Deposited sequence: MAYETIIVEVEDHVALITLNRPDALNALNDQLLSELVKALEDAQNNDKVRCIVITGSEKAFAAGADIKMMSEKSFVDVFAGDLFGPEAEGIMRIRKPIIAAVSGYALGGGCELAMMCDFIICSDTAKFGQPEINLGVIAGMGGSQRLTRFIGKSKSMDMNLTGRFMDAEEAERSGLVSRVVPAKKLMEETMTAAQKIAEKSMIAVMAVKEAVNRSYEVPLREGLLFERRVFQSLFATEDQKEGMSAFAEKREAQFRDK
């Protein structure tokens, strides 16, 4: 790989974005390699949890069209992974970088994390879920504000609003995340995949139907 680093240590695959010259901004090559790295991790029977991270400075600072379906296949590639993916976010996670963090299953971030959707500054909009996942996760006011004004959201507000699960000091981010990934790697792999799928039903079906789906999956784990 030329834009990412992949390390497999004791059932956890760690994928580190590696474009320091561009503060880990997404591009065609990085997105292509990331999806490949994720697909290899999914097919690797030893991998039980995935972690995506960037640098202390930036998780990822930013990033015809209809026939090529720009941004479609990459989003699909990540969403198809059945194993869990934790985003470990330090510093900037902006634009596509914020959207990548929200596509992961949950976020653990450092107290320096800064989130934002500044696409409007370029005359376009979020194109990988910034108008959709942000709103569902943190509520209309904050998502509308962020998407319309481009304002940033700090780690404390991110935790307070439900964008992230845990905030820890920058020096403890990787320790917190790998401990969580290890703990997930201790669980039944079938149950882990079922949990992820059931949780993700929450944004696709009426609650009454999501309860039925959950109960049938629960019963099948017997």
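Residues of the deposited sequence lacking C-alpha coordinates, counted from 1, fall in the stretches 1 to 2, 66 to 76, 236 to 258.
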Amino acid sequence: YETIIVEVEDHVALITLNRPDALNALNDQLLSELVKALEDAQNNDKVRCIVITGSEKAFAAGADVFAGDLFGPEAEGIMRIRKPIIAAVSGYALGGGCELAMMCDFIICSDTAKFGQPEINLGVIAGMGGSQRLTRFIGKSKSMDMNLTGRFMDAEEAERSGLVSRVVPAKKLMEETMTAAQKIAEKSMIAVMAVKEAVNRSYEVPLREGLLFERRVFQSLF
From here on, numbers count along this sequence of modelled residues.
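Looking at mean Cα B-factors across 144 to 152 and 75 to 83, the upper value is held by 75 to 83. Per-stretch averaging of Cα B factors for 201 to 209 and 12 to 20 places 12 to 20 on top. The residue among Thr53, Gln29, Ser165, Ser161 whose C-alpha carries the highest B-factor in the deposited model is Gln29. For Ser110, the recorded CA temperature factor ranks within the middle third of the chain's modelled residues.
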